[PDB]
Amino acid sequence: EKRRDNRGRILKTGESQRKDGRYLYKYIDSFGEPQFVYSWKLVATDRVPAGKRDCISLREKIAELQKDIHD
């Protein structure tokens, strides 16, 4: 079991890349409802396509959302 993106980075379970390149992950907030996040960056060192504004990487978004909206 070793899935990779259209480039070559191994993404973990839950993450997903669309044909457009934007990544997609899912997490649960302190409300118990399912919530999905989007990002043109998998890690903080990635770079968004020319013309696209900066975005929070999933690893950074997941850490901040789960560590903040879940103590």
# chains A, B, ... in the order shown; residues from 1 in each chain; ligands from 1

$ residues_around --residues "residue 19 in chain A" --least-positions-apart "6" --cutoff "12 Å" --atoms "only C-alpha atoms" --output "list in words"
residues 5, 6 and 40 of chain A

$ select_by_dssp --residues "chain A" --states "strand (DSSP E or B)" --output "list in words"
residues 16, 17, 23, 24, 25, 26, 27, 28, 34, 35, 36, 37, 38 and 39 of chain A

$ residues_around --residues "residue 7 in chain A" --least-positions-apart "4" --cutoff "12 Å" --atoms "only C-alpha atoms" --output "list in words"
residues 3, 11, 17, 21, 42 and 46 of chain A

$ write_last_selection --atoms "N, CA, C and O atoms" --output "mmCIF file, in the first residue's frame"
data_model
loop_
_atom_site.group_PDB
_atom_site.id
_atom_site.type_symbol
_atom_site.label_atom_id
_atom_site.label_comp_id
_atom_site.auth_asym_id
_atom_site.auth_seq_id
_atom_site.Cartn_x
_atom_site.Cartn_y
_atom_site.Cartn_z
ATOM 1 N N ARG A 3 0.433 4.833 -2.115
ATOM 2 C CA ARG A 3 -0.135 5.688 -3.198
ATOM 3 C C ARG A 3 0.718 6.956 -3.339
ATOM 4 O O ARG A 3 1.322 7.415 -2.390
ATOM 5 N N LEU A 11 1.321 10.571 -0.418
ATOM 6 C CA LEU A 11 0.323 11.231 0.475
ATOM 7 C C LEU A 11 -0.281 10.167 1.393
ATOM 8 O O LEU A 11 -0.369 9.009 1.036
ATOM 9 N N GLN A 17 -5.798 14.092 -4.527
ATOM 10 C CA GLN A 17 -5.433 15.145 -5.526
ATOM 11 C C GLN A 17 -6.430 15.113 -6.682
ATOM 12 O O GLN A 17 -6.738 14.067 -7.222
ATOM 13 N N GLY A 21 -5.045 19.510 -9.690
ATOM 14 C CA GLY A 21 -3.767 19.629 -8.915
ATOM 15 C C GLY A 21 -4.054 20.032 -7.463
ATOM 16 O O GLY A 21 -3.259 19.779 -6.579
ATOM 17 N N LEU A 42 0.823 20.602 -0.552
ATOM 18 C CA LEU A 42 0.755 19.420 0.348
ATOM 19 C C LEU A 42 1.601 19.726 1.583
ATOM 20 O O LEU A 42 1.211 19.463 2.702
ATOM 21 N N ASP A 46 5.891 23.583 -0.649
ATOM 22 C CA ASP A 46 5.341 23.513 -2.039
ATOM 23 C C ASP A 46 5.102 24.930 -2.572
ATOM 24 O O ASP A 46 5.299 25.905 -1.875
#

$ closest_residue --among "A:15, A:23, A:54, A:59" --to "residue 39 in chain A" --atoms "only C-alpha atoms"
A:23

$ residues_around --residues "residue 12 in chain A" --least-positions-apart "6" --cutoff "10 Å" --atoms "only C-alpha atoms" --output "mmCIF file with N, CA, C and O atoms, in the first residue's frame"
data_model
loop_
_atom_site.group_PDB
_atom_site.id
_atom_site.type_symbol
_atom_site.label_atom_id
_atom_site.label_comp_id
_atom_site.auth_asym_id
_atom_site.auth_seq_id
_atom_site.Cartn_x
_atom_site.Cartn_y
_atom_site.Cartn_z
ATOM 1 N N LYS A 2 1.035 1.870 -1.139
ATOM 2 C CA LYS A 2 1.876 3.100 -1.236
ATOM 3 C C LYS A 2 1.354 3.949 -2.390
ATOM 4 O O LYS A 2 1.770 3.798 -3.522
ATOM 5 N N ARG A 3 0.433 4.833 -2.115
ATOM 6 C CA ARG A 3 -0.135 5.688 -3.198
ATOM 7 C C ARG A 3 0.718 6.956 -3.339
ATOM 8 O O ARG A 3 1.322 7.415 -2.390
ATOM 9 N N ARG A 4 0.767 7.518 -4.519
ATOM 10 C CA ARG A 4 1.576 8.759 -4.746
ATOM 11 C C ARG A 4 0.748 9.768 -5.541
ATOM 12 O O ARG A 4 -0.299 9.447 -6.064
ATOM 13 N N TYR A 25 -8.325 17.119 1.741
ATOM 14 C CA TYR A 25 -8.241 16.247 2.960
ATOM 15 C C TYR A 25 -9.541 16.377 3.758
ATOM 16 O O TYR A 25 -10.316 17.290 3.551
#

$ residues_around --residues "range 30-37 of chain A" --least-positions-apart "5" --cutoff "9 Å" --atoms "only C-alpha atoms" --output "PyMOL selection string"
chain A and resi 23-25+58+61-62+66+69-70

$ select_by_dssp --residues "chain A" --states "helix (DSSP H, G or I)" --output "number ranges by chain"
A: 58-68

$ closest_residue --among "A:50, A:65, A:60, A:71" --to "residue 27 in chain A" --atoms "only C-alpha atoms"
A:65

$ atom_distance --atom1 "CA of residue 43 in chain A" --atom2 "CA of residue 68 in chain A"
19.1 Å

$ closest_residue --among "A:67, A:53, A:22, A:9" --to "residue 41 in chain A" --atoms "only C-alpha atoms"
A:22

$ atom_distance --atom1 "CA of residue 44 in chain A" --atom2 "CA of residue 28 in chain A"
22.0 Å
